[PDB]
Each structure stands twice: as structure tokens, then as C-alpha cells.
file entry.txt (compact mmCIF, N, CA, C and O atoms)
# COMPACT_ATOMS: atom_id res chain seq x y z
N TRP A 29 -13.27 -7.03 -1.47
CA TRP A 29 -12.22 -7.83 -0.85
C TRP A 29 -12.69 -9.26 -0.61
O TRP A 29 -13.83 -9.61 -0.91
N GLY A 30 -11.80 -10.09 -0.07
CA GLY A 30 -12.12 -11.47 0.22
C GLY A 30 -11.18 -12.03 1.27
O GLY A 30 -10.66 -11.28 2.10
N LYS A 31 -10.95 -13.33 1.23
CA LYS A 31 -10.02 -13.97 2.16
C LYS A 31 -8.62 -14.05 1.57
O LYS A 31 -7.66 -14.27 2.29
N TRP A 32 -8.52 -13.89 0.26
CA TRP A 32 -7.25 -14.04 -0.44
C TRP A 32 -6.45 -12.74 -0.49
O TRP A 32 -7.02 -11.65 -0.65
N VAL A 33 -5.13 -12.86 -0.36
CA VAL A 33 -4.23 -11.72 -0.32
C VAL A 33 -3.00 -11.98 -1.17
O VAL A 33 -2.43 -13.08 -1.14
N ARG A 34 -2.59 -10.98 -1.94
CA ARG A 34 -1.40 -11.07 -2.78
C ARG A 34 -0.30 -10.17 -2.24
O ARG A 34 -0.54 -8.99 -1.96
N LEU A 35 0.89 -10.72 -2.08
CA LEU A 35 2.03 -9.99 -1.54
C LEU A 35 3.16 -9.91 -2.55
O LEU A 35 3.79 -10.91 -2.87
N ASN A 36 3.43 -8.71 -3.04
CA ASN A 36 4.55 -8.49 -3.95
C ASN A 36 5.83 -8.28 -3.16
O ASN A 36 6.13 -7.18 -2.71
N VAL A 37 6.59 -9.36 -2.99
CA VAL A 37 7.80 -9.34 -2.19
C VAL A 37 9.04 -9.24 -3.07
O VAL A 37 9.55 -10.24 -3.56
N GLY A 38 9.53 -8.02 -3.26
CA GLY A 38 10.73 -7.80 -4.05
C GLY A 38 10.56 -8.08 -5.53
O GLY A 38 11.54 -8.31 -6.24
N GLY A 39 9.31 -8.07 -5.99
CA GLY A 39 9.01 -8.30 -7.40
C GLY A 39 8.32 -9.62 -7.68
O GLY A 39 7.84 -9.85 -8.79
N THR A 40 8.28 -10.50 -6.68
CA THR A 40 7.59 -11.78 -6.80
C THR A 40 6.31 -11.77 -5.98
O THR A 40 6.31 -11.37 -4.82
N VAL A 41 5.22 -12.20 -6.60
CA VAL A 41 3.91 -12.16 -5.96
C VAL A 41 3.54 -13.51 -5.34
O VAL A 41 3.51 -14.53 -6.03
N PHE A 42 3.25 -13.48 -4.04
CA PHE A 42 2.81 -14.66 -3.31
C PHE A 42 1.32 -14.59 -3.06
O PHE A 42 0.80 -13.54 -2.69
N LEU A 43 0.63 -15.71 -3.25
CA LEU A 43 -0.80 -15.80 -2.99
C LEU A 43 -1.04 -16.55 -1.68
O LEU A 43 -0.54 -17.65 -1.49
N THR A 44 -1.82 -15.94 -0.80
CA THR A 44 -2.16 -16.57 0.47
C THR A 44 -3.46 -15.98 1.02
O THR A 44 -4.15 -15.24 0.31
N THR A 45 -3.78 -16.30 2.26
CA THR A 45 -5.03 -15.86 2.88
C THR A 45 -4.79 -15.05 4.14
O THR A 45 -3.69 -15.05 4.69
N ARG A 46 -5.83 -14.36 4.58
CA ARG A 46 -5.75 -13.55 5.80
C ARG A 46 -5.55 -14.44 7.02
O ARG A 46 -4.79 -14.09 7.92
N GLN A 47 -6.23 -15.58 7.04
CA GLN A 47 -6.12 -16.53 8.14
C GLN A 47 -4.67 -16.95 8.38
O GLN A 47 -4.25 -17.13 9.52
N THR A 48 -3.92 -17.09 7.30
CA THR A 48 -2.53 -17.53 7.38
C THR A 48 -1.62 -16.43 7.92
O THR A 48 -0.73 -16.69 8.72
N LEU A 49 -1.85 -15.20 7.47
CA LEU A 49 -1.00 -14.08 7.85
C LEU A 49 -1.27 -13.60 9.27
O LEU A 49 -0.40 -13.02 9.91
N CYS A 50 -2.49 -13.83 9.75
CA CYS A 50 -2.92 -13.30 11.03
C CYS A 50 -2.86 -14.31 12.17
O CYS A 50 -3.54 -14.16 13.18
N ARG A 51 -2.06 -15.36 12.00
CA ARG A 51 -1.87 -16.32 13.08
C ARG A 51 -1.05 -15.70 14.20
O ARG A 51 -1.22 -16.05 15.37
N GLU A 52 -0.16 -14.79 13.83
CA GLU A 52 0.63 -14.03 14.79
C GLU A 52 0.12 -12.59 14.82
O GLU A 52 0.45 -11.79 13.95
N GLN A 53 -0.68 -12.27 15.83
CA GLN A 53 -1.37 -10.98 15.89
C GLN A 53 -0.41 -9.80 15.89
O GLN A 53 -0.75 -8.72 15.40
N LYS A 54 0.78 -10.00 16.44
CA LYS A 54 1.74 -8.91 16.59
C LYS A 54 2.77 -8.88 15.47
O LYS A 54 3.69 -8.05 15.48
N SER A 55 2.62 -9.77 14.49
CA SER A 55 3.55 -9.81 13.37
C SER A 55 3.29 -8.68 12.39
O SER A 55 2.21 -8.11 12.35
N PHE A 56 4.31 -8.37 11.60
CA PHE A 56 4.22 -7.32 10.59
C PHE A 56 3.18 -7.66 9.53
O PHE A 56 2.53 -6.77 8.99
N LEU A 57 3.04 -8.94 9.23
CA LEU A 57 2.13 -9.39 8.19
C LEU A 57 0.67 -9.28 8.61
O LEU A 57 -0.18 -8.85 7.83
N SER A 58 0.37 -9.67 9.85
CA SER A 58 -0.98 -9.56 10.37
C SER A 58 -1.38 -8.09 10.45
O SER A 58 -2.51 -7.72 10.12
N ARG A 59 -0.44 -7.28 10.89
CA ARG A 59 -0.63 -5.84 11.00
C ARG A 59 -0.84 -5.23 9.63
O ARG A 59 -1.56 -4.24 9.48
N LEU A 60 -0.21 -5.83 8.62
CA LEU A 60 -0.27 -5.32 7.26
C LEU A 60 -1.64 -5.52 6.63
O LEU A 60 -2.26 -4.57 6.16
N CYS A 61 -2.10 -6.76 6.63
CA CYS A 61 -3.34 -7.10 5.94
C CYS A 61 -4.57 -6.74 6.76
O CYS A 61 -5.70 -6.99 6.34
N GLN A 62 -4.36 -6.18 7.95
CA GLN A 62 -5.46 -5.65 8.75
C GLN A 62 -5.56 -4.14 8.62
O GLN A 62 -6.39 -3.50 9.25
N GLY A 63 -4.69 -3.57 7.78
CA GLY A 63 -4.72 -2.15 7.49
C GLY A 63 -4.16 -1.29 8.61
O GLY A 63 -4.32 -0.07 8.59
N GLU A 64 -3.51 -1.92 9.58
CA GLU A 64 -2.97 -1.21 10.73
C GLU A 64 -1.52 -0.77 10.50
O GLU A 64 -0.89 -0.20 11.39
N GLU A 65 -1.00 -1.04 9.31
CA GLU A 65 0.32 -0.57 8.93
C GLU A 65 0.21 0.81 8.29
O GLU A 65 -0.54 1.00 7.33
N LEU A 66 0.97 1.76 8.83
CA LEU A 66 0.95 3.14 8.33
C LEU A 66 1.30 3.19 6.85
O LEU A 66 0.58 3.79 6.05
N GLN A 67 2.42 2.57 6.49
CA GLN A 67 2.87 2.54 5.11
C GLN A 67 2.26 1.36 4.35
O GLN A 67 2.95 0.40 4.02
N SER A 68 0.95 1.44 4.09
CA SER A 68 0.25 0.40 3.36
C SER A 68 0.18 0.76 1.87
O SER A 68 -0.78 1.39 1.42
N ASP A 69 1.19 0.35 1.12
CA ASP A 69 1.27 0.63 -0.31
C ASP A 69 0.85 -0.59 -1.12
O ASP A 69 1.17 -1.72 -0.76
N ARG A 70 0.13 -0.34 -2.21
CA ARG A 70 -0.40 -1.42 -3.05
C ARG A 70 -0.30 -1.03 -4.52
O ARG A 70 -0.51 0.13 -4.87
N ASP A 71 0.01 -2.00 -5.37
CA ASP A 71 0.07 -1.75 -6.81
C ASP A 71 -1.33 -1.81 -7.42
O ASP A 71 -2.31 -2.02 -6.70
N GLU A 72 -1.41 -1.62 -8.73
CA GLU A 72 -2.70 -1.60 -9.42
C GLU A 72 -3.46 -2.91 -9.26
O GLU A 72 -4.69 -2.92 -9.27
N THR A 73 -2.73 -4.01 -9.09
CA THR A 73 -3.35 -5.32 -8.96
C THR A 73 -3.81 -5.59 -7.52
O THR A 73 -4.40 -6.63 -7.24
N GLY A 74 -3.52 -4.65 -6.63
CA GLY A 74 -3.96 -4.74 -5.25
C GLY A 74 -3.00 -5.50 -4.35
O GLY A 74 -3.31 -5.76 -3.19
N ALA A 75 -1.84 -5.84 -4.88
CA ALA A 75 -0.85 -6.60 -4.12
C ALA A 75 -0.04 -5.70 -3.19
O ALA A 75 0.39 -4.62 -3.59
N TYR A 76 0.15 -6.15 -1.96
CA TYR A 76 0.95 -5.41 -0.98
C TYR A 76 2.42 -5.44 -1.35
O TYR A 76 2.97 -6.50 -1.66
N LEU A 77 3.06 -4.27 -1.32
CA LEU A 77 4.46 -4.14 -1.72
C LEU A 77 5.40 -4.26 -0.53
O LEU A 77 5.23 -3.56 0.47
N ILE A 78 6.39 -5.14 -0.65
CA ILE A 78 7.34 -5.39 0.42
C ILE A 78 8.76 -5.37 -0.12
O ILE A 78 9.11 -6.15 -1.00
N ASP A 79 9.58 -4.47 0.41
CA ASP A 79 10.96 -4.32 -0.05
C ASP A 79 11.87 -5.34 0.62
O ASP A 79 12.79 -4.98 1.34
N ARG A 80 11.58 -6.62 0.38
CA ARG A 80 12.37 -7.71 0.94
C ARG A 80 12.58 -8.78 -0.12
O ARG A 80 11.87 -8.82 -1.12
N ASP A 81 13.54 -9.66 0.11
CA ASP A 81 13.88 -10.69 -0.87
C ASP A 81 12.88 -11.85 -0.82
O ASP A 81 12.60 -12.38 0.26
N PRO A 82 12.33 -12.24 -1.98
CA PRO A 82 11.34 -13.33 -2.00
C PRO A 82 11.93 -14.73 -1.88
O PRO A 82 11.17 -15.68 -1.66
N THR A 83 13.24 -14.86 -2.02
CA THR A 83 13.88 -16.17 -1.97
C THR A 83 13.64 -16.84 -0.63
O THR A 83 13.39 -18.04 -0.57
N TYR A 84 13.71 -16.05 0.43
CA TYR A 84 13.64 -16.57 1.79
C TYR A 84 12.27 -16.38 2.42
O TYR A 84 12.11 -16.60 3.62
N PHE A 85 11.29 -15.99 1.62
CA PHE A 85 9.95 -15.71 2.14
C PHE A 85 9.08 -16.96 2.17
O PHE A 85 8.17 -17.07 2.99
N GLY A 86 9.35 -17.91 1.27
CA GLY A 86 8.56 -19.13 1.19
C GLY A 86 8.46 -19.86 2.52
O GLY A 86 7.36 -20.14 2.99
N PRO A 87 9.62 -20.17 3.13
CA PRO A 87 9.66 -20.85 4.43
C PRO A 87 8.93 -20.09 5.52
O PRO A 87 8.24 -20.70 6.34
N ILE A 88 9.08 -18.76 5.53
CA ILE A 88 8.36 -17.91 6.48
C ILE A 88 6.86 -18.13 6.33
O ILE A 88 6.15 -18.29 7.31
N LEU A 89 6.40 -18.14 5.09
CA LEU A 89 4.99 -18.25 4.79
C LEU A 89 4.48 -19.65 5.09
O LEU A 89 3.32 -19.84 5.45
N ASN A 90 5.36 -20.64 4.96
CA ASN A 90 5.00 -22.02 5.26
C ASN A 90 4.87 -22.27 6.75
O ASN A 90 4.03 -23.07 7.18
N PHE A 91 5.70 -21.61 7.53
CA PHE A 91 5.59 -21.70 8.98
C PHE A 91 4.23 -21.18 9.41
O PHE A 91 3.57 -21.77 10.26
N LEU A 92 3.81 -20.07 8.81
CA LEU A 92 2.51 -19.50 9.10
C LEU A 92 1.38 -20.42 8.63
O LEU A 92 0.24 -20.28 9.06
N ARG A 93 1.70 -21.36 7.74
CA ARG A 93 0.70 -22.28 7.22
C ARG A 93 0.55 -23.51 8.11
O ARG A 93 -0.56 -23.83 8.55
N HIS A 94 1.65 -24.21 8.35
CA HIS A 94 1.62 -25.48 9.07
C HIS A 94 2.49 -25.48 10.33
O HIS A 94 2.66 -26.52 10.97
N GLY A 95 3.03 -24.32 10.69
CA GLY A 95 3.71 -24.18 11.97
C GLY A 95 5.11 -24.77 12.05
O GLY A 95 5.79 -24.61 13.06
N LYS A 96 5.55 -25.45 11.00
CA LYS A 96 6.86 -26.10 10.99
C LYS A 96 7.88 -25.30 10.19
O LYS A 96 7.52 -24.50 9.32
N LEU A 97 9.16 -25.51 10.49
CA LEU A 97 10.26 -24.92 9.74
C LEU A 97 10.86 -25.95 8.80
O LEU A 97 11.43 -26.94 9.24
N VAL A 98 10.74 -25.69 7.50
CA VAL A 98 11.27 -26.59 6.48
C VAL A 98 12.16 -25.81 5.52
O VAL A 98 11.72 -24.82 4.92
N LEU A 99 13.40 -26.25 5.38
CA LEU A 99 14.35 -25.63 4.47
C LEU A 99 14.93 -26.66 3.50
O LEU A 99 15.12 -27.82 3.85
N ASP A 100 15.20 -26.22 2.28
CA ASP A 100 15.96 -27.03 1.33
C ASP A 100 17.43 -27.00 1.73
O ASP A 100 17.84 -26.14 2.51
N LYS A 101 18.21 -27.92 1.18
CA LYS A 101 19.57 -28.12 1.66
C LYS A 101 20.51 -26.95 1.37
O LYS A 101 21.38 -26.64 2.18
N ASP A 102 20.32 -26.30 0.22
CA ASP A 102 21.25 -25.25 -0.22
C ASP A 102 20.90 -23.87 0.32
O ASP A 102 21.68 -22.93 0.18
N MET A 103 19.72 -23.74 0.92
CA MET A 103 19.24 -22.44 1.39
C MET A 103 19.90 -22.02 2.70
O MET A 103 19.97 -22.80 3.65
N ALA A 104 20.37 -20.78 2.74
CA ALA A 104 21.07 -20.25 3.90
C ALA A 104 20.11 -19.94 5.04
O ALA A 104 19.12 -19.23 4.86
N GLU A 105 20.41 -20.48 6.22
CA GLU A 105 19.58 -20.28 7.39
C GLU A 105 19.66 -18.84 7.89
O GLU A 105 18.77 -18.36 8.59
N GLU A 106 20.74 -18.15 7.52
CA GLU A 106 20.94 -16.77 7.93
C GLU A 106 19.95 -15.85 7.21
O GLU A 106 19.47 -14.87 7.78
N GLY A 107 19.66 -16.17 5.95
CA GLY A 107 18.75 -15.38 5.15
C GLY A 107 17.33 -15.46 5.66
O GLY A 107 16.61 -14.46 5.68
N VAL A 108 16.92 -16.65 6.08
CA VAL A 108 15.59 -16.84 6.64
C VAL A 108 15.46 -16.09 7.96
O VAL A 108 14.40 -15.55 8.28
N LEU A 109 16.55 -16.07 8.73
CA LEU A 109 16.54 -15.41 10.04
C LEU A 109 16.32 -13.92 9.90
O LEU A 109 15.52 -13.33 10.64
N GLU A 110 17.03 -13.30 8.97
CA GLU A 110 16.90 -11.86 8.74
C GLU A 110 15.48 -11.48 8.36
O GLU A 110 15.00 -10.40 8.71
N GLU A 111 14.80 -12.38 7.65
CA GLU A 111 13.42 -12.14 7.25
C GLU A 111 12.47 -12.35 8.42
O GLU A 111 11.56 -11.56 8.65
N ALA A 112 12.69 -13.43 9.17
CA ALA A 112 11.87 -13.73 10.34
C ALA A 112 11.95 -12.59 11.35
O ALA A 112 10.96 -12.26 12.01
N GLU A 113 13.13 -11.98 11.46
CA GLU A 113 13.31 -10.83 12.33
C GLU A 113 12.56 -9.62 11.80
O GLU A 113 11.96 -8.87 12.57
N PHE A 114 12.59 -9.42 10.49
CA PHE A 114 11.92 -8.29 9.87
C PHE A 114 10.40 -8.39 10.02
O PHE A 114 9.74 -7.43 10.40
N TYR A 115 9.86 -9.56 9.69
CA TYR A 115 8.42 -9.75 9.75
C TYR A 115 7.94 -9.93 11.19
O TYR A 115 6.74 -9.96 11.45
N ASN A 116 8.89 -10.05 12.11
CA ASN A 116 8.61 -10.11 13.54
C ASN A 116 7.72 -11.28 13.94
O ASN A 116 6.65 -11.09 14.52
N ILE A 117 8.17 -12.49 13.63
CA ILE A 117 7.51 -13.71 14.11
C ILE A 117 8.39 -14.33 15.18
O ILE A 117 9.37 -15.01 14.88
N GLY A 118 8.02 -14.10 16.44
CA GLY A 118 8.80 -14.56 17.57
C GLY A 118 9.11 -16.05 17.57
O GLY A 118 10.28 -16.43 17.58
N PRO A 119 8.07 -16.89 17.57
CA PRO A 119 8.23 -18.35 17.62
C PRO A 119 9.17 -18.87 16.55
O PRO A 119 9.93 -19.80 16.79
N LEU A 120 9.13 -18.26 15.37
CA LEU A 120 9.95 -18.70 14.25
C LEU A 120 11.40 -18.30 14.45
O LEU A 120 12.30 -19.11 14.22
N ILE A 121 11.63 -17.06 14.86
CA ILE A 121 12.97 -16.57 15.15
C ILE A 121 13.66 -17.49 16.15
O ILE A 121 14.83 -17.84 15.99
N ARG A 122 12.92 -17.89 17.18
CA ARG A 122 13.45 -18.77 18.21
C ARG A 122 13.84 -20.12 17.64
O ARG A 122 14.95 -20.60 17.86
N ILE A 123 12.93 -20.73 16.89
CA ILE A 123 13.18 -22.03 16.28
C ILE A 123 14.40 -22.00 15.36
O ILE A 123 15.21 -22.92 15.37
N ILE A 124 14.54 -20.93 14.59
CA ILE A 124 15.68 -20.78 13.70
C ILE A 124 16.96 -20.65 14.52
O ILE A 124 17.96 -21.31 14.22
N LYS A 125 16.92 -19.81 15.54
CA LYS A 125 18.08 -19.61 16.40
C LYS A 125 18.49 -20.91 17.07
O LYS A 125 19.66 -21.26 17.09
N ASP A 126 17.51 -21.62 17.61
CA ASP A 126 17.76 -22.90 18.28
C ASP A 126 18.38 -23.91 17.32
O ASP A 126 19.04 -24.85 17.75
N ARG A 127 18.15 -23.71 16.02
CA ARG A 127 18.66 -24.62 15.00
C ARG A 127 20.08 -24.25 14.57
O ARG A 127 20.72 -24.98 13.82
N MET A 128 20.57 -23.11 15.07
CA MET A 128 21.85 -22.56 14.61
C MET A 128 22.94 -22.58 15.69
O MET A 128 23.91 -21.82 15.60
N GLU A 129 22.80 -23.43 16.69
CA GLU A 129 23.89 -23.68 17.64
C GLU A 129 24.54 -25.04 17.37
O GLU A 129 25.73 -25.22 17.61
N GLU A 130 23.74 -25.98 16.88
CA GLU A 130 24.23 -27.33 16.59
C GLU A 130 23.39 -27.97 15.49
O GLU A 130 22.19 -27.73 15.40
call {"tool": "encode", "arguments": {"input": "entry.txt", "output": "C-alpha cells"}}
result
Amino acid sequence: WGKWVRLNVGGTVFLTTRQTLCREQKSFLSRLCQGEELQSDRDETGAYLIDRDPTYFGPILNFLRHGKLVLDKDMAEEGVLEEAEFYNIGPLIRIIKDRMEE
């Protein structure tokens, strides 16, 4: 093993590090790459399998990188929210919600 981790999210593979995923100790991702997830399934390439849409995963992963929420203009904020709720990142869910009143 190493510091690098591959996540197969709905058929698309994302490359990142343990440091990035484990910024939120109670998140699904930190729990995943620490082997504390019961359903830890991996393909032959060693990538973690996630039955979620990869379209809205980029922003989630970027928040874990630089702490900010950045969206392109055409991307639905509702889609990112559903993912943030699934991966259980509190701070991000809040920021998204706070962005959806005005």
C-alpha cells in the first residue's frame, strides 16, 4: 500500500490520497480507506467501489482538498447535496444548505 487511493465511483475512477479523505474522521470516506467500513469491496485494480454518481463527486473531493465549495454554472446544487449527505461530511452539507436559501 501507499498514500495513494483509487475510488471507482459509479464506473469512474478518482485518484487521491489518504490525507485528503481522512480530514473528516467521521466521514464515510475516512472510514472507508481506514478499513473500518464493513462493506469494503475492491476490484482487481484495488479501487474502492462506490455505487454513487461520479458527476457530483468532484466538488466533494475538492472540498476535502482545499476546504472550499466550487461549482460550475450548469451543475445542480441538489446533486452535490445528496452526495454530501451520503458521504456524511457535516461542514460541507451545511455550506451547501446555507447556499440554497438565497
call {"tool": "residues_around", "arguments": {"input": "entry.txt", "residues": "residue A:68", "least_positions_apart": "5", "cutoff": "10 Å", "atoms": "only C-alpha atoms", "output": "ChimeraX atom specification"}}
result
/A:59-63,76-78
call {"tool": "closest_residue", "arguments": {"input": "entry.txt", "among": "A:67, A:116, A:40, A:58", "to": "residue A:82", "atoms": "only N, CA, C and O atoms"}}
result
A:40
call {"tool": "atom_distance", "arguments": {"input": "entry.txt", "atom1": "atom C of residue A:84", "atom2": "atom O of residue A:31"}}
result
20.0 Å
call {"tool": "closest_residue", "arguments": {"input": "entry.txt", "among": "A:30, A:66, A:100, A:119", "to": "residue A:44", "atoms": "all atoms listed in the file"}}
result
A:30
call {"tool": "atom_distance", "arguments": {"input": "entry.txt", "atom1": "atom C of residue A:41", "atom2": "atom CA of residue A:124"}}
result
23.7 Å
call {"tool": "atom_distance", "arguments": {"input": "entry.txt", "atom1": "atom CA of residue A:37", "atom2": "atom CA of residue A:127"}}
result
25.4 Å
call {"tool": "residues_around", "arguments": {"input": "entry.txt", "residues": "residue A:81", "least_positions_apart": "4", "cutoff": "10 Å", "atoms": "only C-alpha atoms", "output": "list in words"}}
result
residues 37, 38, 39, 40, 85, 107, 108 and 111 of chain A
call {"tool": "write_last_selection", "arguments": {"input": "entry.txt", "atoms": "N, CA, C and O atoms", "output": "mmCIF file, in the frame of the given file"}}
result
data_model
loop_
_atom_site.group_PDB
_atom_site.id
_atom_site.type_symbol
_atom_site.label_atom_id
_atom_site.label_comp_id
_atom_site.auth_asym_id
_atom_site.auth_seq_id
_atom_site.Cartn_x
_atom_site.Cartn_y
_atom_site.Cartn_z
ATOM 1 N N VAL A 37 6.590 -9.360 -2.990
ATOM 2 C CA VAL A 37 7.800 -9.340 -2.190
ATOM 3 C C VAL A 37 9.040 -9.240 -3.070
ATOM 4 O O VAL A 37 9.550 -10.240 -3.560
ATOM 5 N N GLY A 38 9.530 -8.020 -3.260
ATOM 6 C CA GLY A 38 10.730 -7.800 -4.050
ATOM 7 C C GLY A 38 10.560 -8.080 -5.530
ATOM 8 O O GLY A 38 11.540 -8.310 -6.240
ATOM 9 N N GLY A 39 9.310 -8.070 -5.990
ATOM 10 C CA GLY A 39 9.010 -8.300 -7.400
ATOM 11 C C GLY A 39 8.320 -9.620 -7.680
ATOM 12 O O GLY A 39 7.840 -9.850 -8.790
ATOM 13 N N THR A 40 8.280 -10.500 -6.680
ATOM 14 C CA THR A 40 7.590 -11.780 -6.800
ATOM 15 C C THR A 40 6.310 -11.770 -5.980
ATOM 16 O O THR A 40 6.310 -11.370 -4.820
ATOM 17 N N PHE A 85 11.290 -15.990 1.620
ATOM 18 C CA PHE A 85 9.950 -15.710 2.140
ATOM 19 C C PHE A 85 9.080 -16.960 2.170
ATOM 20 O O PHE A 85 8.170 -17.070 2.990
ATOM 21 N N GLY A 107 19.660 -16.170 5.950
ATOM 22 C CA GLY A 107 18.750 -15.380 5.150
ATOM 23 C C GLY A 107 17.330 -15.460 5.660
ATOM 24 O O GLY A 107 16.610 -14.460 5.680
ATOM 25 N N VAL A 108 16.920 -16.650 6.080
ATOM 26 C CA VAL A 108 15.590 -16.840 6.640
ATOM 27 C C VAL A 108 15.460 -16.090 7.960
ATOM 28 O O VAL A 108 14.400 -15.550 8.280
ATOM 29 N N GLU A 111 14.800 -12.380 7.650
ATOM 30 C CA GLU A 111 13.420 -12.140 7.250
ATOM 31 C C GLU A 111 12.470 -12.350 8.420
ATOM 32 O O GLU A 111 11.560 -11.560 8.650
#
call {"tool": "select_by_dssp", "arguments": {"input": "entry.txt", "residues": "stretch 33-127 of chain A", "states": "helix (DSSP H, G or I)", "output": "PyMOL selection string"}}
result
chain A and resi 46-49+56-61+82-94+105-115+118-126
call {"tool": "select_by_dssp", "arguments": {"input": "entry.txt", "residues": "chain A", "states": "strand (DSSP E or B)", "output": "list in words"}}
result
residues 32, 33, 34, 35, 36, 37, 40, 41, 42, 43, 44, 45, 70, 76, 77 and 78 of chain A
call {"tool": "residues_around", "arguments": {"input": "entry.txt", "residues": "stretch 92-94 of chain A", "least_positions_apart": "6", "cutoff": "8 Å", "atoms": "all atoms listed in the file", "output": "compact mmCIF listing (two decimals) with N, CA, C and O atoms, in the frame of the given file"}}
result
# COMPACT_ATOMS: atom_id res chain seq x y z
N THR A 45 -3.78 -16.30 2.26
CA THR A 45 -5.03 -15.86 2.88
C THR A 45 -4.79 -15.05 4.14
O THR A 45 -3.69 -15.05 4.69
N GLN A 47 -6.23 -15.58 7.04
CA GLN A 47 -6.12 -16.53 8.14
C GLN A 47 -4.67 -16.95 8.38
O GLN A 47 -4.25 -17.13 9.52
N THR A 48 -3.92 -17.09 7.30
CA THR A 48 -2.53 -17.53 7.38
C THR A 48 -1.62 -16.43 7.92
O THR A 48 -0.73 -16.69 8.72
N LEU A 49 -1.85 -15.20 7.47
CA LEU A 49 -1.00 -14.08 7.85
C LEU A 49 -1.27 -13.60 9.27
O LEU A 49 -0.40 -13.02 9.91
N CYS A 50 -2.49 -13.83 9.75
CA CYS A 50 -2.92 -13.30 11.03
C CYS A 50 -2.86 -14.31 12.17
O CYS A 50 -3.54 -14.16 13.18
N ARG A 51 -2.06 -15.36 12.00
CA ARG A 51 -1.87 -16.32 13.08
C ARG A 51 -1.05 -15.70 14.20
O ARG A 51 -1.22 -16.05 15.37
N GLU A 52 -0.16 -14.79 13.83
CA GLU A 52 0.63 -14.03 14.79
C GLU A 52 0.12 -12.59 14.82
O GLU A 52 0.45 -11.79 13.95
N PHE A 85 11.29 -15.99 1.62
CA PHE A 85 9.95 -15.71 2.14
C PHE A 85 9.08 -16.96 2.17
O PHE A 85 8.17 -17.07 2.99
N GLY A 86 9.35 -17.91 1.27
CA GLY A 86 8.56 -19.13 1.19
C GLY A 86 8.46 -19.86 2.52
O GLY A 86 7.36 -20.14 2.99
call {"tool": "closest_residue", "arguments": {"input": "entry.txt", "among": "A:35, A:118, A:95, A:101", "to": "residue A:74", "atoms": "only C-alpha atoms"}}
result
A:35
